[PDB]
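Colleague: Pasting a structure here, questions to come.
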Amino acid sequence: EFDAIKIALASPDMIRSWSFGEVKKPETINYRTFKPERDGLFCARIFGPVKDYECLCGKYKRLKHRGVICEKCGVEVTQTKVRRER
Amino acid sequence: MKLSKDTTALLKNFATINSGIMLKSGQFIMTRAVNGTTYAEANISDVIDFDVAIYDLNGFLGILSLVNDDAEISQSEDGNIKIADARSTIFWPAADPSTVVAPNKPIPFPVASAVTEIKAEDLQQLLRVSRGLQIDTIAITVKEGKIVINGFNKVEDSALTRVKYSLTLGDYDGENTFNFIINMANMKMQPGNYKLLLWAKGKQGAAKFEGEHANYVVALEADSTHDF
Amino acid sequence: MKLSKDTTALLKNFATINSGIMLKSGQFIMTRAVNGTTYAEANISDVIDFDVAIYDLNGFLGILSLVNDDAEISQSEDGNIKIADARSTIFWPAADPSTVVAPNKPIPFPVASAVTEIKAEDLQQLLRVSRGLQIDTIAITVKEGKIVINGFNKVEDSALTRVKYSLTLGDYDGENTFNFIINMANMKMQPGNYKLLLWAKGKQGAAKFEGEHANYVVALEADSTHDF
Amino acid sequence: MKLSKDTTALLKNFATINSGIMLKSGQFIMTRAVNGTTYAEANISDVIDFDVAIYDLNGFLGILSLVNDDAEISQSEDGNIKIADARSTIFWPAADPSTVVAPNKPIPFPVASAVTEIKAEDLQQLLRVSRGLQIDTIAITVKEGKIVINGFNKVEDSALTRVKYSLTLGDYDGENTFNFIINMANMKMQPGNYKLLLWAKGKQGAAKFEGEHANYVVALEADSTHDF
Amino acid sequence: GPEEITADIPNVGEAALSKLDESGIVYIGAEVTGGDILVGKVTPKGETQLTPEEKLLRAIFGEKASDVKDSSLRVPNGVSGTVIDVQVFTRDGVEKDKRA
Amino acid sequence: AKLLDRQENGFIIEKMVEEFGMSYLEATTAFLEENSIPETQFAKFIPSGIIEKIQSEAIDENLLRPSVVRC
Amino acid sequence: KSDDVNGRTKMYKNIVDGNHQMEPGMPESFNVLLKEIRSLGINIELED
Ligand SMILES: [Zn+2]
């Protein structure tokens with residue numbers, strides 16, 4: 001596939017260029033819903049779907065409604081695989 | 001003990017006020033609103049003989065309409081209710097007299113501070129055209145020297161100053177004024193000429209409706225005004 | 001005016017075209033559908049003795065249907081309607097004329113190209129069958145020399161090609177072919193025989209039903225075509 | 001073909017156990033619930049002229065109840081049912097039978113253990129009281145040698161101690177007793193008089209109610225007891 | 001909600017169920033092997049763990065259907081053998097069953 | 001656009017199993033999600049028929065306990 | 001046989017359906033290390 005690996009440093013610019021958001025809330029879980037917090041260390045709002053293709057809107061079921069972000073959840077709609085790496 | 005067809009009609013009228021009763025021996029039945037404000041009494045052609053509580057008296061009357069009339073009705077060995085045909089033997093579960101509240105007594109209605117009577121088509125008319133105009137309460141009051149029945153939309157007018165329907169049974173010669181207010185839902189009574197008694201004492205007050213098959217004593221509302 | 005039960009039934013049927021109505025001076029009623037596609041008119045025997053715009057006519061009919069027949073229907077003091085029999089009264093607030101949608105004038109339909117008739121039993125049968133196989137449209141054409149109504153469901157029979165039912169409106173001896181299309185939603189014609197007068201030109205099209213009492217008018221659907 | 005009002009009636013009550021059906025050329029129809037527990041069957045003095053299944057018997061017979069009975073029931077050209085009305089030619093889709101559970105043979109009822117009979121009033125009366133008492137279970141037993149029914153609501157009564165209904169069905173000329181248990185959700189026959197055969201051995205059984213038009217084979221509930 | 005030691009378990013072949021007792025405790029002497037069940041213990045469902053494939057049936061049968069689910073004590077795969085004794089422990093003042 | 005024909009959907013939903021061949025349950029749930037169908041507003045979309053075979057195959061697959069068998 | 005999830009699924013299929021053939025892919029836990037060093041600012045990359 002691909003040729004040589006390169007190493008370098010990263011201006012904080014490029015750090016921004018990576019992240020799909022920014023985390024501020026120090027906590028994670030509701031301990032009742034056991035769901036991620038609103039803006040926390042696990043929150044979907046940046047990382048993404050805990051299930052695949054649907055979030056706490058319950059709004060998007062099939063490939064017809066995949067992709068486009070929610071407004072209640074705010075999170076994009078996709079498979080949970082990408083959460084592993086963002 | 002048989003429940004006649006007129007018995008079944010009055011049982012219908014009473015099961016409206018309550019879907020159950022505590023049947024008590026006599027030629028009489030009676031039941032109370034769950035609030036006890038509007039009450040039904042009727043000395044009936046049938047004589048009650050065993051006191052028995054019934055929870056779904058409307059459904060009980062259904063069951064009655066499911067079996068032939070002259071089936072012998074008794075209180076069964078286990079205490080329940082036996083309907084007995086030449087063939088059909090049915091045990092309706094006899095209720096507990098505390099699951100269904102019964103009225104303390106037939107209301108010893110006081111003396112009427114005012115008297116009129118509502119015709120059959122009169123009550124039919126008021127209570128049925130209330131659906132076209134959405135009448136939710138009634139004002140029986142001295143108007144042009146008459147005992148007028150003004151159908152007021154207490155939702156749209158809690159003051160009862162916007163008439164969309166009134167009924168004027170007859171003129172009532174009087175100086176002592178009043179504007180009795182009674183819920184259109186207090187009118188538990190079947191159609192027909194109902195002699196209207198308007199008792200008025202302080203804030204306690206009542207409209208006794210004396211029909212053709214039962215007396216219903218209706219406690220006036222806290223907004224019913226009366227002035228002697 | 002004291003509208004008869006026939007007249008009030010006609011009012012209830014015209015309500016199927018519009019709740020909002022402008023009952024005008026005369027013995028005549030004049031209405032149009034809210035989408036501007038259906039039109040209704042009918043000469044009655046009583047005289048509307050005061051112009052009035054009503055928003056909910058069927059409840060007006062219920063108001064008419066329960067009171068003593070000697071009820072007097074006139075104009076109330078407040079520029080609205082009153083319906084008061086010999087002992088009671090009913091107020092009806094008249095909707096504003098600047099808030100009701102209706103034809104400026106009668107639609108006479110002064111021209112037709114395809115004349116046919118349709119009677120009572122086939123009327124009820126089409127009304128029921130189009131409910132029965134989810135037929136949502138009728139198409140009037142000539143198939144083997146007959147003015148025939150073909151019923152179809154548009155979402156699954158897009159070109160209206162599935163004749164699951166063929167109803168013949170009458171014979172046809174004529175060279176003018178057509179697709180006079182009427183979508184079922186405009187079907188408001190009551191029980192009664194109807195002379196169907198079909199006129200069309202270019203893209204515009206209208207089918208008229210002249211009944212035992214009234215005329216209905218429908219704008220023929222946009223794909224309606226005519227070959228003269 | 002054409003199907004008499006009794007024929008369409010047999011189909012109407014066949015739709016009660018299973019919605020549609022699989023019909024073959026001939027003069028007999030049969031149907032069974034996909035549970036296998038109930039099976040209604042009746043010959044028809046009308047004749048079927050091909051092999052088809054109907055997915056919706058209800059809408060089918062309804063669209064047929066609007067045509068005068070002379071309408072011919074043939075196959076359509078496009079693979080569905082073509083009912084050539086006296087005046088129309090309606091088409092309703094033909095269900096591919098594999099999608100409806102067609103019985104491969106008419107059920108023979110082998111030698112019954114016990115014999116008695118039900119009647120119109122008895123059967124229909126029980127049908128109705130099973131509602132007003134919500135009775136789910138009917139337990140056919142012998143009392144003093146008399147074949148009778150005892151009604152239970154199994155939900156409120158596991159081993160069925162609350163006889164909620166009792167009727168005299170007939171005599172049993174013997175001592176060999178039983179409690180043949182059946183759910184009320186299987187008594188779908190129209191009201192009428194019926195002969196009553198009971199095959200019962202070991203664990204299995206079959207209740208055969210034979211009517212003035214048809215026969216109903218219903219699987220007893222396994223909880224039943226019997227000895228012969 | 002708490003859990004039960006019933007012999008009442010969903011989506012399992014009654015063939016297995018037979019081997020238990022009326023309580024849900026298999027008898028002494030039953031030669032057993034892995035991939036089987038020795039006690040039946042069932043839990044209420046919960047919400048975030050509801051798949052459409054049962055949303056169907058709970059719609060139809062009325063939600064009195066999918067309220068519980070299995071936690072049964074199995075037989076640890078790779079083992080076989082015979083039961084020798086069963087101890088049953090309960091809170092006192094709480095009901096004590098047959099085996100107890 | 002609009003697909004309110006229940007028995008036509010029966011013709012379409014037997015296509016699922018008879019074509020795909022997993023089970024009526026999974027086939028129709030696939031239908032429900034493909035066209036994004038909830039479970040309380042289904043009586044307007046689903047034939048009255050498939051429901052009964054669903055119940056049948058369900059109780060035969062033992063989806064629920066003996067508590068549901070007797071009834 | 002260890003990590004190529006897509007790869008191992010494809011294998012499992014091809015073998016259980018009579019086709020011994022391998023799709024190489026690229027390890028997964030390696031990517032884990034890749035992001036793990038992306039954690040610290042040491043920007044790592046995989047040139048063309
Ligand atoms: Zn959301």
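Colleague: Mind listing the label-point distances from D:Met1 to the same position on all other copies, shortest first, one decimal in nm, points 7 Å along Cα→Cβ?
Modeller: 5.6, 5.9
Colleague: Run the lone-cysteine check on the protein assembly as shown: no other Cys C-beta under 4.7 Å from the residue's C-beta.
Modeller: So far as the 4.7 Å Cβ criterion goes, A:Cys43, F:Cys71 stand without a partner in the protein assembly as shown.
Colleague: Let me ask something else about it. With loop defined by DSSP as not H, G, I, E or B, and exposure as at most 13 other Cβ atoms within 10 Å, which is the longest segment of chain A clear of exposed chymotrypsin sites (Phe, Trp or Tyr not before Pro)? Let's see the in-between values first.
Modeller: On the way: sites that count: A:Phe2, A:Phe20, A:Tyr31, A:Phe34.
So the longest stretch without any such site is A:35-86.
Colleague: Which residue fluctuates most in the GNM of chain E (Cα springs below 10 Å): E:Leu20, E:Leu50, E:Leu38?
Modeller: It is E:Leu50.
Colleague: What does the charge dipole of the range E:1-53 about its Cα centre add up to, to the nearest 20 debye, if the Cβ of each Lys and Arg holds +1 and the Cβ of each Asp and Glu holds -1?
Modeller: Working: 3 positive and 10 negative charges, 18 e Å.
The dipole of the range E:1-53 has a size of about 80 debye.
Colleague: Just order B:53-65, C:67-79 by mean Cβ neighbour count inside 10 Å, highest at the front, would you? It would help to have the intermediate numbers written out before the result.
Modeller: Details: B:53-65: 19.1, C:67-79: 14.2.
Highest to lowest by the protection proxy: B:53-65, C:67-79.
Colleague: Moving on to the next point. For the range C:84-196, what is the per residue volume of the convex hull drawn over the alpha-carbon atoms, in cubic angstrom?
Modeller: With only Cα atoms used, the range C:84-196 gives 199 Å³ per residue.
Colleague: List the chymotrypsin sites (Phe, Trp or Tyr not before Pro) in the range E:25-100 that DSSP assigns to loop (not H, G, I, E or B) and whose Cβ has at most 12 other Cβ atoms within 10 Å. Which are they? It would help to have the intermediate numbers written out before the result.
Modeller: Numbers: sites: E:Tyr27, E:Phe61, E:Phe89; in loops: E:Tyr27, E:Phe89.
Those that pass, being in a loop and sparsely packed, are E:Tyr27, E:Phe89.
Colleague: Please order A:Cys57, A:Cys73, F:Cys71 by the number of other Cβ within 10 Å, starting at the fewest.
Modeller: F:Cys71, A:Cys57, A:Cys73
Colleague: Once you wrap a convex hull around the alpha carbon atoms of chain E, what is its projected area averaged over all directions, in nm²? Walk me through the intermediate numbers first.
Modeller: Numbers: hull surface 32.5 nm².
Here the figure is 8.1 nm², rounded to one decimal.
Colleague: Listing B:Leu127, D:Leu11 from the residue with the fewest other Cβ atoms within 10 Å to the one with the most, what is the order? Before the final figure, lay out the partial values.
Modeller: Numbers: B:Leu127 20, D:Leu11 23.
Starting with the residue having the fewest Cβ neighbours, the order is B:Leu127, D:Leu11.
Colleague: While we're on this one: With respect to the axis carrying C onto D, what is the closest chain C residue by Cβ position, and how many angstrom separate it from the axis?
Modeller: Per the Cβ-to-axis criterion, the result reads C:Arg131, 17.
Colleague: Related question: How many angstrom separate the Cα center of the range D:56-113 from the Cα center of chain F?
Modeller: Cα centres, the range D:56-113 to chain F: 24 Å.
Colleague: Taking beta carbons within 10 Å but only from partner chains, what does the mean come to for residues F:34-42?
Modeller: On the way: counts 4, 3, 6, 2, 5, 8, 2, 1, 3.
That works out to 4 on average.
Colleague: Treating the angle as unsigned and between 0 and 90°, give the value, to the nearest 10°, between the Cα long axis of helix C:5-15 and the longest Cα principal axis of chain C.
Modeller: It is inclined by approximately 60 degrees.
Colleague: Moving to a separate point now. Using a label point 7 Å beyond Cα on the Cα-Cβ vector, give me the inter-copy distances for B:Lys203 in nanometres, one decimal, shortest first.
Modeller: 7.2, 7.4
Colleague: For peptide F:57-68, how many partner chain Cβ atoms fall within 10 Å of a residue's Cβ, on average?
Modeller: Values: counts 1, 7, 3, 0, 3, 7, 9, 12, 14, 7, 5, 5.
The per-residue average across the peptide is 6.
Colleague: Let me ask you something else. Given Cα pairs under 8 Å that are at least 6 residues apart, what percent is the relative contact order of chain C?
Modeller: Details: 480 pairs, mean separation 41.4, N = 228.
In percent, rounded to a whole number, it is 18.
Colleague: Let me ask another. For chain F, take N as its residue count and report Rg(C-alpha) divided by 2.2 N^0.38 Å. Each step should come with its number before you reach the end.
Modeller: On the way: Rg = 13.0 Å, N = 71, 2.2 N^0.38 = 11.1 Å.
For chain F, the normalised Cα radius of gyration comes out at 1.17.
Colleague: From the helices alone, meaning DSSP H stretches of at least four residues, give me the mean residue ellipticity at 222 nm for the protein assembly as shown, per-run term -39500 (n - 2.57), in deg cm²/dmol to the nearest 500. Each step should come with its number before you reach the end.
Modeller: Values: 18 runs with 185 residues, N = 989.
Rounded to the nearest 500, it is -5500 deg cm²/dmol.
Colleague: Let me ask something else. Expressed as a rounded percentage, what relative contact order does chain F have, with Cα pairs under 8 Å and six or more residues apart?
Modeller: Contact order relative to length: 39 percent.
Colleague: Another one. What average count of beta carbons from other chains do you get within 10 Å of the Cβ of residues in C:121-132? Show your work: numbers first, answer last.
Modeller: Working: counts 3, 2, 0, 1, 6, 2, 1, 4, 7, 0, 2, 8.
If you average over the peptide's residues, the count of other-chain Cβ atoms is 3.
Colleague: Let me ask you something else. When chain C is modelled as a GNM with alpha-carbon springs shorter than 10 Å, which of C:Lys195, C:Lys105, C:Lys154 fluctuates the most?
Modeller: C:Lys105
Colleague: Taking B:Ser19 in one copy and the same position in all the others, each labelled 7 Å out along Cα→Cβ, what are the pairwise distances from the first, in nm, shortest first?
Modeller: Those label-point separations list as 3.2, 3.2 nm.
Colleague: What is the calculated FRET efficiency for C:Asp171 to D:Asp69, with r their C-beta to C-beta distance and R₀ = 25 Å, to the nearest 0.05?
Modeller: On the way: r = 26 Å, r/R0 = 1.03.
Once rounded, the FRET efficiency stands at 0.45.
Colleague: For each of A:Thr28, D:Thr7, B:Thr168, count neighbouring Cβ atoms within 10 Å of the residue's Cβ, then give the residues from fewest to most.
Modeller: Values: A:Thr28 14, D:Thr7 22, B:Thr168 18.
By the 10 Å Cβ count, ascending: A:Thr28, B:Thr168, D:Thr7.
Colleague: With only alpha-carbon atoms in the gyration tensor, what are the semi-axes of the equivalent ellipsoid for chain D, in Å, largest first?
Modeller: Working: eigenvalues 286, 57, 49 Å².
Each semi-axis is √(5λ); the values are 38, 17, 16 Å.
Colleague: Would you mind estimating how fast the protein assembly as shown diffuses translationally, via Stokes-Einstein at 10 °C and 1.306 mPa s with the Kirkwood radius over Cα pairs, in µm²/s? Walk me through the numbers on the way to the answer.
Modeller: Values: Rh = 36.7 Å.
Reported coefficient: 43 µm²/s.
Colleague: Additional query: Report the FRET efficiency, 1/(1 + (r/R0)^6), for G:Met22 and E:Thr82, where r is their Cβ-Cβ distance and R0 is 45 Å, rounded to 0.05.
Modeller: Working: r = 47 Å, r/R0 = 1.05.
Calculated value: 0.45.
Colleague: Compute the relative contact order of the range E:1-94 as a whole-number percentage, counting only Cα pairs closer than 8 Å that sit 6 or more residues apart in sequence.
Modeller: On the way: 140 pairs, mean separation 32.6, N = 94.
Reported relative contact order: 35 percent.
Colleague: Using a 10 Å Cβ count of at most 13 others and DSSP loop calls, identify the longest part of chain E lacking such GluC sites (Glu not before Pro). Intermediate results must be reported in sequence, preceding the final value.
Modeller: Values: sites that count: E:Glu3, E:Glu22, E:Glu47, E:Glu63, E:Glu95.
No qualifying site falls inside E:64-94, the longest such stretch.
Colleague: Could I ask something else about it? Dividing the convex hull volume of the alpha carbon atoms of the range D:35-142 by its residue count, what do you get in Å³ per residue?
Modeller: Working: hull volume 20.7 nm³, N = 108.
Dividing the Cα hull volume of the range D:35-142 by its residue count gives 192 Å³.
Note that we place each Cβ from the backbone using ideal geometry, even for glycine, and neighbour counts take in every protein chain shown. The numbers here are math on the coordinates, done by the rules we state, and not lab data.
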